[PDB]
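Shown next: start19.txt, given as compact mmCIF, C-alpha atoms.
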# COMPACT_ATOMS: atom_id res chain seq x y z
CA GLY A 325 3.03 -34.77 -2.33
CA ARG A 326 2.46 -31.22 -1.08
CA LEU A 327 1.11 -30.02 2.26
CA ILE A 328 -0.46 -26.78 3.50
CA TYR A 329 1.92 -25.53 6.20
CA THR A 330 0.85 -22.98 8.83
CA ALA A 331 3.56 -21.30 10.93
CA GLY A 332 3.15 -19.26 14.10
CA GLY A 333 0.02 -17.29 14.90
CA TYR A 334 -1.70 -15.70 17.86
CA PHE A 335 -4.01 -17.12 20.51
CA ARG A 336 -3.79 -15.17 23.81
CA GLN A 337 -0.06 -15.03 22.95
CA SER A 338 2.27 -15.58 20.02
CA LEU A 339 2.68 -19.20 18.88
CA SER A 340 5.51 -21.50 17.76
CA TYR A 341 3.35 -24.11 16.00
CA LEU A 342 4.44 -25.46 12.62
CA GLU A 343 1.67 -27.71 11.32
CA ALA A 344 1.03 -29.14 7.88
CA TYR A 345 -2.42 -30.04 6.55
CA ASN A 346 -2.91 -32.92 4.12
CA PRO A 347 -6.03 -32.07 2.08
CA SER A 348 -6.39 -35.73 1.07
CA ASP A 349 -6.17 -37.76 4.28
CA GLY A 350 -7.22 -34.99 6.67
CA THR A 351 -4.25 -35.00 9.05
CA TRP A 352 -2.26 -32.18 10.61
CA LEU A 353 1.37 -33.11 11.13
CA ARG A 354 3.11 -31.53 14.10
CA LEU A 355 6.53 -30.40 12.87
CA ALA A 356 9.48 -28.58 14.44
CA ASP A 357 8.47 -25.47 16.41
CA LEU A 358 9.54 -22.02 15.30
CA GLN A 359 12.69 -20.90 17.09
CA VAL A 360 10.73 -17.88 18.40
CA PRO A 361 6.94 -17.65 18.94
CA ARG A 362 5.68 -15.21 16.32
CA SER A 363 2.36 -13.78 15.16
CA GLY A 364 1.56 -11.46 12.26
CA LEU A 365 4.23 -13.08 10.06
CA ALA A 366 4.13 -14.20 6.44
CA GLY A 367 5.13 -17.51 4.88
CA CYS A 368 6.38 -18.29 1.39
CA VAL A 369 8.27 -21.01 -0.44
CA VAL A 370 11.39 -20.69 -2.58
CA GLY A 371 13.24 -23.75 -3.88
CA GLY A 372 11.08 -26.06 -1.80
CA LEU A 373 12.17 -24.27 1.40
CA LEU A 374 9.47 -22.75 3.61
CA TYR A 375 10.33 -19.22 4.80
CA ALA A 376 8.82 -17.42 7.82
CA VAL A 377 9.20 -13.63 7.56
CA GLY A 378 8.77 -10.96 10.22
CA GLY A 379 5.90 -10.76 12.67
CA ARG A 380 5.94 -10.07 16.38
CA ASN A 381 6.90 -12.07 19.49
CA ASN A 382 4.10 -11.20 21.93
CA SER A 383 4.89 -13.42 24.92
CA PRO A 384 3.72 -12.79 28.51
CA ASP A 385 7.26 -11.49 29.21
CA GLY A 386 7.57 -9.07 26.30
CA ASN A 387 6.24 -7.57 23.09
CA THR A 388 8.74 -7.19 20.28
CA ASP A 389 8.24 -6.83 16.56
CA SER A 390 10.52 -9.10 14.52
CA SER A 391 12.70 -8.50 11.48
CA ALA A 392 13.70 -12.16 11.44
CA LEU A 393 13.83 -14.46 8.43
CA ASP A 394 13.83 -18.18 9.19
CA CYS A 395 14.00 -21.20 6.93
CA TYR A 396 12.31 -24.59 7.33
CA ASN A 397 13.44 -27.70 5.41
CA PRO A 398 10.95 -30.60 5.14
CA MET A 399 13.74 -33.07 4.21
CA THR A 400 15.40 -32.47 7.57
CA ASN A 401 12.37 -31.18 9.50
CA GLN A 402 14.62 -28.39 10.72
CA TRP A 403 14.60 -24.59 11.05
CA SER A 404 17.65 -22.53 10.26
CA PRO A 405 18.00 -18.74 10.62
CA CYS A 406 18.53 -16.43 7.70
CA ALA A 407 19.83 -12.89 7.59
CA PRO A 408 17.20 -10.46 8.95
CA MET A 409 15.35 -7.62 7.27
CA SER A 410 16.66 -4.11 7.93
CA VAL A 411 13.62 -3.29 10.13
CA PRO A 412 11.10 -5.30 12.12
CA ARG A 413 7.80 -5.83 10.29
CA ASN A 414 4.72 -6.97 12.20
CA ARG A 415 1.63 -7.73 10.08
CA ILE A 416 3.83 -7.99 6.97
CA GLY A 417 3.01 -9.01 3.43
CA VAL A 418 5.38 -11.04 1.26
CA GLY A 419 5.54 -12.25 -2.32
CA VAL A 420 7.97 -14.13 -4.51
CA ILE A 421 9.36 -13.03 -7.89
CA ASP A 422 12.08 -14.94 -9.78
CA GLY A 423 13.03 -16.79 -6.61
CA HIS A 424 13.42 -13.52 -4.67
CA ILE A 425 11.31 -12.73 -1.56
CA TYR A 426 9.75 -9.27 -1.36
CA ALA A 427 8.88 -8.10 2.16
CA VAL A 428 6.21 -5.39 2.10
CA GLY A 429 4.98 -2.92 4.72
CA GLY A 430 4.11 -3.94 8.24
CA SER A 431 4.77 -2.06 11.47
CA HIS A 432 7.57 -1.51 13.97
CA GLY A 433 6.11 -0.10 17.17
CA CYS A 434 4.38 3.02 15.95
CA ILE A 435 6.20 3.10 12.60
CA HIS A 436 3.87 2.15 9.73
CA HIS A 437 6.14 1.07 6.92
CA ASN A 438 5.96 2.05 3.30
CA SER A 439 9.42 0.50 2.76
CA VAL A 440 9.88 -2.73 0.83
CA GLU A 441 12.95 -4.96 0.75
CA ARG A 442 14.06 -7.89 -1.41
CA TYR A 443 15.73 -11.05 -0.07
CA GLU A 444 18.04 -13.08 -2.33
CA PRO A 445 18.36 -16.70 -1.10
CA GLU A 446 21.43 -17.55 -3.20
CA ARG A 447 23.40 -14.84 -1.35
CA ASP A 448 21.42 -14.64 1.94
CA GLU A 449 21.10 -10.86 1.53
CA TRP A 450 18.37 -8.24 1.89
CA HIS A 451 18.28 -5.07 -0.24
CA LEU A 452 15.96 -2.06 -0.08
CA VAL A 453 13.76 -1.35 -3.09
CA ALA A 454 11.36 1.49 -3.91
CA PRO A 455 8.93 2.15 -1.04
CA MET A 456 5.21 1.84 -1.69
CA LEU A 457 3.12 4.91 -2.41
CA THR A 458 1.29 4.16 0.88
CA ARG A 459 2.17 3.04 4.39
CA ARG A 460 0.49 -0.37 4.75
CA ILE A 461 0.39 -2.63 7.79
CA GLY A 462 -1.84 -5.66 7.60
CA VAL A 463 -1.15 -5.53 3.83
CA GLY A 464 -2.11 -8.34 1.45
CA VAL A 465 0.51 -9.18 -1.19
CA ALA A 466 0.24 -11.20 -4.39
CA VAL A 467 2.37 -11.80 -7.47
CA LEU A 468 0.81 -12.00 -10.90
CA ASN A 469 2.82 -12.19 -14.13
CA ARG A 470 6.06 -11.32 -12.29
CA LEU A 471 4.44 -8.11 -10.97
CA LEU A 472 4.06 -7.55 -7.21
CA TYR A 473 0.70 -6.28 -5.92
CA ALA A 474 0.13 -4.72 -2.48
CA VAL A 475 -3.56 -4.64 -1.44
CA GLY A 476 -5.59 -2.98 1.36
CA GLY A 477 -4.00 -2.56 4.78
CA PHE A 478 -3.92 0.07 7.55
CA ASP A 479 -1.86 3.26 7.31
CA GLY A 480 -1.85 4.01 11.04
CA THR A 481 -4.95 6.24 10.82
CA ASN A 482 -7.15 4.89 8.03
CA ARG A 483 -7.83 1.43 6.69
CA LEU A 484 -7.46 1.02 2.93
CA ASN A 485 -9.22 -0.35 -0.13
CA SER A 486 -6.55 0.98 -2.51
CA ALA A 487 -4.02 -1.29 -4.22
CA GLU A 488 -0.63 -0.63 -5.87
CA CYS A 489 1.65 -2.59 -8.18
CA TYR A 490 5.46 -2.84 -8.10
CA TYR A 491 7.48 -3.13 -11.34
CA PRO A 492 10.86 -4.74 -10.45
CA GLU A 493 12.80 -3.62 -13.51
CA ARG A 494 11.64 -0.03 -13.42
CA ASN A 495 11.87 -0.27 -9.59
CA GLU A 496 8.71 1.74 -9.05
CA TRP A 497 5.17 1.54 -7.74
CA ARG A 498 1.97 2.50 -9.56
CA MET A 499 -1.56 2.65 -8.19
CA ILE A 500 -4.11 0.30 -9.72
CA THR A 501 -7.88 0.23 -9.46
CA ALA A 502 -8.94 -0.09 -5.84
CA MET A 503 -10.98 -2.87 -4.25
CA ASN A 504 -14.70 -2.48 -3.71
CA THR A 505 -14.19 -2.93 0.06
CA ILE A 506 -11.76 -1.50 2.59
CA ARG A 507 -9.70 -4.40 3.97
CA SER A 508 -6.86 -4.75 6.42
CA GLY A 509 -5.70 -8.21 7.37
CA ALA A 510 -7.40 -9.79 4.38
CA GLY A 511 -6.08 -12.93 2.76
CA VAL A 512 -4.69 -12.05 -0.67
CA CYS A 513 -3.52 -14.74 -3.09
CA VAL A 514 -3.34 -15.50 -6.80
CA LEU A 515 -5.45 -18.19 -8.45
CA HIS A 516 -5.78 -19.06 -12.14
CA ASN A 517 -4.57 -15.60 -13.21
CA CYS A 518 -6.64 -13.44 -10.84
CA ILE A 519 -5.83 -11.82 -7.51
CA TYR A 520 -8.21 -12.70 -4.68
CA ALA A 521 -8.82 -10.66 -1.53
CA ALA A 522 -10.82 -12.53 1.11
CA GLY A 523 -12.16 -11.23 4.40
CA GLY A 524 -10.25 -8.76 6.49
CA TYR A 525 -11.29 -5.78 8.64
CA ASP A 526 -12.86 -2.51 7.49
CA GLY A 527 -12.54 -0.79 10.89
CA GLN A 528 -16.07 -1.71 11.92
CA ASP A 529 -16.75 -5.34 10.98
CA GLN A 530 -14.82 -8.44 10.11
CA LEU A 531 -15.51 -9.42 6.50
CA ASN A 532 -16.66 -12.60 4.79
CA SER A 533 -16.81 -11.05 1.34
CA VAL A 534 -14.30 -12.01 -1.35
CA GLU A 535 -13.40 -10.05 -4.48
CA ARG A 536 -11.00 -10.92 -7.30
CA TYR A 537 -8.97 -8.57 -9.48
CA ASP A 538 -8.64 -9.01 -13.26
CA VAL A 539 -5.67 -7.35 -14.95
CA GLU A 540 -7.16 -7.53 -18.43
CA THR A 541 -10.19 -5.50 -17.29
CA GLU A 542 -8.37 -3.83 -14.35
CA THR A 543 -11.48 -4.53 -12.30
CA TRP A 544 -12.36 -6.11 -8.96
CA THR A 545 -15.45 -8.31 -8.90
CA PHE A 546 -17.11 -9.92 -5.89
CA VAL A 547 -17.31 -13.72 -5.85
CA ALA A 548 -18.86 -16.13 -3.36
CA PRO A 549 -18.19 -15.09 0.27
CA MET A 550 -16.77 -17.29 3.01
CA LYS A 551 -19.11 -18.83 5.56
CA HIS A 552 -17.21 -17.17 8.41
CA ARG A 553 -16.20 -13.55 8.66
CA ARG A 554 -12.56 -13.36 9.62
CA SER A 555 -9.66 -10.96 9.85
CA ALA A 556 -5.94 -11.81 9.97
CA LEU A 557 -6.53 -15.20 8.34
CA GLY A 558 -3.99 -17.32 6.51
CA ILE A 559 -4.46 -18.04 2.81
CA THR A 560 -2.89 -20.29 0.21
CA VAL A 561 -3.58 -22.11 -3.04
CA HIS A 562 -3.38 -25.91 -3.23
CA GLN A 563 -4.19 -27.88 -6.42
CA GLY A 564 -6.34 -25.16 -7.95
CA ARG A 565 -8.33 -24.22 -4.82
CA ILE A 566 -8.05 -21.47 -2.20
CA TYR A 567 -7.67 -22.31 1.48
CA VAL A 568 -8.30 -19.87 4.32
CA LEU A 569 -7.05 -20.80 7.77
CA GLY A 570 -8.26 -19.33 11.05
CA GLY A 571 -8.36 -15.63 11.80
CA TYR A 572 -10.41 -13.49 14.17
CA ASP A 573 -14.13 -12.73 13.94
CA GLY A 574 -14.24 -10.03 16.66
CA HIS A 575 -15.13 -12.58 19.37
CA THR A 576 -12.92 -15.62 18.96
CA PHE A 577 -9.81 -16.97 17.31
CA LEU A 578 -11.06 -19.16 14.52
CA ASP A 579 -9.79 -22.68 13.81
CA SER A 580 -12.09 -23.20 10.81
CA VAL A 581 -10.45 -23.83 7.44
CA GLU A 582 -12.49 -23.00 4.34
CA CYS A 583 -11.78 -24.04 0.76
CA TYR A 584 -12.90 -22.19 -2.38
CA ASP A 585 -13.53 -23.99 -5.67
CA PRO A 586 -13.45 -21.45 -8.53
CA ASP A 587 -15.20 -23.82 -10.91
CA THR A 588 -18.34 -23.81 -8.77
CA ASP A 589 -17.73 -20.47 -6.98
CA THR A 590 -18.41 -22.11 -3.61
CA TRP A 591 -16.70 -22.17 -0.23
CA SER A 592 -16.56 -25.37 1.82
CA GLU A 593 -15.41 -26.04 5.36
CA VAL A 594 -12.89 -28.85 5.07
CA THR A 595 -10.98 -29.06 8.34
CA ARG A 596 -10.29 -27.48 11.70
CA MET A 597 -6.86 -26.52 12.95
CA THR A 598 -5.64 -28.15 16.14
CA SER A 599 -6.39 -24.85 17.90
CA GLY A 600 -7.83 -21.47 17.01
CA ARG A 601 -5.41 -18.76 15.96
CA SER A 602 -4.94 -15.66 13.80
CA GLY A 603 -1.97 -13.97 12.13
CA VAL A 604 -0.44 -17.20 10.77
CA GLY A 605 2.04 -17.65 7.95
CA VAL A 606 0.92 -20.26 5.42
CA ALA A 607 2.45 -21.74 2.26
CA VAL A 608 2.50 -25.06 0.38
CA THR A 609 5.50 -27.34 -0.18

Could you take the file, read its structure, and then write that structure out as structure tokens?
Amino acid sequence: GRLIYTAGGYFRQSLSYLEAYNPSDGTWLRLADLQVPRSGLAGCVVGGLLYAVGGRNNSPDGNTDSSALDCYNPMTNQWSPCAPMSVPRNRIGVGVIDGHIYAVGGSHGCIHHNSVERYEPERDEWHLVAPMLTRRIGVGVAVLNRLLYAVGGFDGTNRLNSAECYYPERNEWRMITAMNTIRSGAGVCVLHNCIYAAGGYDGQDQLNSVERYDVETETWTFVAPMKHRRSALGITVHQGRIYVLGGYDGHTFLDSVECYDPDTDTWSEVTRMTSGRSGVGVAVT
């Protein structure tokens, strides 16, 4: 049995919620709160452990970006700290390769990162790798065939439709074909051997469009769009289907959760979070 876990998020302030959606029976479990309220973070899963990476603690007492790495165990329902990244990373992207966590981009105050670092869970250690060709905050990140893809984002001045690909053995980045649409804060995931970018922000509107990248053709193609435009949404894959959680539509923090079925190329609204929020970290375990 696997659940869709959402950690953290923003609604008028940063959040500590850890909630887990059961796509079968409909429930949200309330689990142990994050040690620190955090928005703009990423989630991932290595060895069954749920990791929460980076973000920002934006509480009514203070704004601080976070370099933190924290670890949630469902067998104990407990959070434990990890060693932190070398720099704070708000609006981060993360991906997993060979049981290693790659932290990509994000911001620290006015710094817009191009740096990337790799976390090794068996040694609880972070190590710097080759920086991206671009500074990308609000970057989507996906792993396909052990290659690490960094998609869209915001460079501090311009929002991006470009994408680049990291080769771990050569330790270098190469630009790939760019998306059709400029997107920061899109949800980027991998499903049945294609990369999907859903929603986001082009600097003028929040997006409902969705496009998927194909490595064999090196081409992005639009698919069915979400019912709700949204930026800074959470995204995951559960049992062959894409799930988008929350986000921001320019007027309100969404609680809607949509589900994409690739076999019918349709989006459905399946559940509502216990409260609207954006900038969550989501993963399945």

Nearest residue to residue A:342 from the set A:433, A:454, A:597, A:410 (distances using only C-alpha atoms):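 Ranked by minimum distance to residue A:342, first place goes to A:597.
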
Ranking A:573, A:444, A:593, A:579 by minimum distance to residue A:528 and counting all atoms listed in the file, which one comes first?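 Of all the options, A:573 lies closest to residue A:528.
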
For residue A:347, find every residue with an atom within 9 Å (counting only C-alpha atoms), except residues of its own chain fewer than 4 positions away, and show them as a ChimeraX atom specification. /A:327-328,351,562,594-595

Residue selection dump (C-alpha atoms) as a PDB file, in the coordinates of the input:
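As written to disk, part_14.pdb reads:
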ATOM      1  CA  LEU A 327       1.110 -30.020   2.260  1.00  0.00           C
ATOM      2  CA  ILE A 328      -0.460 -26.780   3.500  1.00  0.00           C
ATOM      3  CA  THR A 351      -4.250 -35.000   9.050  1.00  0.00           C
ATOM      4  CA  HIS A 562      -3.380 -25.910  -3.230  1.00  0.00           C
ATOM      5  CA  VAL A 594     -12.890 -28.850   5.070  1.00  0.00           C
ATOM      6  CA  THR A 595     -10.980 -29.060   8.340  1.00  0.00           C
TER       7      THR A 595
END

For stretch 466-480 of chain A, work out the shell of residues within 7 Å, counting only C-alpha atoms and skipping chain neighbours fewer than 3 positions away, then give it as a VMD selection string. chain A and resid 419 to 421 436 459 to 463 483 to 491 506 to 509 512 to 514 517 519

When you look at residue A:401 with a cut-off of 10 Å (counting only C-alpha atoms), what residues show up, excluding the ones that are within fewer than 2 positions of it in the same chain? I need them as a PyMOL selection string. chain A and resi 355-357+396-399+403

Given only C-alpha atoms as the counted atoms, nearest of A:371, A:423, A:571, A:333 to residue A:552: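 Smallest separation from residue A:552 among the options: A:571.
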